[PDB]
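Hydrogens, waters and symmetry mates are skipped; everything else that's a heavy atom, side chains included, is used. One is the number of the first residue; the rest follow in order along the sequence.
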Amino acid sequence: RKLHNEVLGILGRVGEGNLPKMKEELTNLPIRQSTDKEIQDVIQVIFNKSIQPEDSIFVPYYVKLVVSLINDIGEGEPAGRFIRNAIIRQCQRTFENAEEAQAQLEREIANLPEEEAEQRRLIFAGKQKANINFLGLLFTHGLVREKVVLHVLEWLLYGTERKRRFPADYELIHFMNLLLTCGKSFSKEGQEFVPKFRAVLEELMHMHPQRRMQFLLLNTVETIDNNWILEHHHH
């Protein structure tokens, strides 16, 4: 496909210096005159390149191209509405896969030796961090629903079967990195996403947390608040 390769090209050459040239190269593509399959493919391509562990650095640029694309084609346009529903569907697929991959791992290493289960958990974490990073970047750029973030954190902290008292070790690390991304910011976008992430953590608090779980969520919201009052200091 012609439109497929052109998007790949843009994602390749995108960096800090040429992001405005890349945004205008993307708007210059005939997306409004493209089929449902062609548009769905563009979103699928960006979402796959974004969950590759090698790209962690360029992922904010991929996500900034998607913001650019929906800022060009508005929700009052047929293609604008379609792109938005394709992002919803592709978020669902990406984080549903991430959830099931976690569930599969735990079933696969349940009867495995202790030292083997641990090494398999480390191998998985390296792949899972790419998803969690992507979730954070989509959230800070307003591309993923607050509800998706909440559902991921539910299985990430309470387990895939939701029966955990406290999160597993590699799960806690994915959360701290998510916390660093979504829990703090001085940017004009930060003004809205930092209270949104705090709200998500307040919801998990009304999901019957135990002693360590309540201390985790309360101390996190407290640190978010401390850092918030600090970033909103004047004169």
Side-chain angles (χ1 to χ4, degrees), residues 14-20 22-23 46-47 50-51 55-72 74-75 80 84 87-88 91 94-95 98 128-158 166-167 170-187 189-191 193-234:
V14 77
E16 186 207 58
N18 68 11
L19 179 67
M22 293 310 105
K23 281 179 173 158
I46 304 164
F47 270 61
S50 295
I51 56 135
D55 295 314
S56 84
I57 357 91
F58 331 137
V59 176
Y61 302 103
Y62 301 153
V63 165
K64 279 176 192 66
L65 285 170
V66 177
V67 175
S68 177
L69 175 60
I70 61 158
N71 279 197
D72 173 34
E75 62 196 54
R84 283 162 174 88
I87 295 152
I88 289 162
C91 277
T94 299
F95 302 113
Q128 200 68 302
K129 63 148 197 195
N131 283 119
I132 312 297
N133 181 42
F134 187 40
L135 184 75
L137 295 153
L138 288 166
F139 189 65
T140 58
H141 294 60
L143 294 174
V144 73
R145 304 156 144 181
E146 215 186 286
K147 354 157 153 281
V148 175
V149 187
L150 177 68
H151 190 108
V152 165
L153 293 179
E154 280 196 56
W155 60 255
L156 198 75
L157 300 170
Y158 296 104
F166 197 67
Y170 294 98
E171 271 58 63
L172 269 158
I173 312 160
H174 300 321
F175 181 75
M176 318 181 329
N177 286 295
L178 210 238
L179 179 63
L180 191 58
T181 306
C182 311
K184 206 187 176 168
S185 189
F186 56 93
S187 71
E189 309 104 83
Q191 289 165 20
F193 69 72
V194 166
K196 274 177 159 263
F197 189 69
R198 183 192 185 274
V200 166
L201 307 181
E202 284 285 318
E203 272 182 285
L204 296 157
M205 275 211 62
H206 296 98
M207 285 179 192
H208 306 280
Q210 294 305 105
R211 306 172 267 188
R212 287 164 300 169
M213 197 63 110
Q214 232 197 70
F215 191 80
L216 182 110
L217 298 161
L218 290 172
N219 208 213
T220 298
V221 160
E222 201 185 352
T223 309
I224 285 175
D225 285 354
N226 286 1
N227 282 287
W228 189 92
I229 64 112
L230 222 31
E231 307 219 50
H232 291 260
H233 176 69
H234 314 129

If you take all heavy atoms of [X] and [Y], which pair is closest and at what distance?
| X | Y | result |
| --- | --- | --- |
| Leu143 | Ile87 | O-CG2, 3.4 Å |
| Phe95 | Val152 | CB-CG2, 3.8 Å |
| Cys182 | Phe193 | O-CD1, 3.7 Å |
| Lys23 | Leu65 | N-CD2, 3.9 Å |
| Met213 | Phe166 | N-CD1, 3.8 Å |
| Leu137 | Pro60 | CD2-CG, 3.7 Å |

Is any side-chain heavy atom of [X] less than 4.5 Å from a side-chain heavy atom of [Y]?
| X | Y | answer |
| --- | --- | --- |
| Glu154 | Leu150 | yes |
| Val66 | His141 | no |
| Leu138 | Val149 | no |
| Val148 | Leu135 | yes |
| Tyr158 | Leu204 | yes |
| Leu156 | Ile132 | yes |
| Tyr61 | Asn18 | no |
| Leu217 | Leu157 | yes |

Rounded at 0.5 Å granularity, tell me how far [atom1] in [X] sits from [atom2] in [Y].
| X | Y | atom1 | atom2 | answer |
| --- | --- | --- | --- | --- |
| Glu146 | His151 | CD | NE2 | 15.5 Å |
| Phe47 | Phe134 | CZ | CZ | 4.0 Å |
| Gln210 | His208 | CD | NE2 | 10.0 Å |
| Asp225 | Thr220 | CG | OG1 | 11.0 Å |
| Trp228 | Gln191 | CH2 | CD | 9.5 Å |
| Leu218 | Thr223 | CG | OG1 | 10.5 Å |

Between [X] (side chain) and [Y] (backbone), is there a donor-acceptor pair under 3.5 Å?
| X | Y | answer |
| --- | --- | --- |
| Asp72 | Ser68 | no |
| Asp55 | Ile51 | no |
| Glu231 | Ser185 | yes |
| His206 | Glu202 | yes |
| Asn133 | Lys129 | no |
| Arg84 | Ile70 | yes |

**Report entry** Working for side chain to side chain contact (heavy atoms under 4.5 Å, CB included), residues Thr181 and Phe139
**Finding:** CA-CA 9 Å; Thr181 306; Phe139 189 65; over 6 Å; no
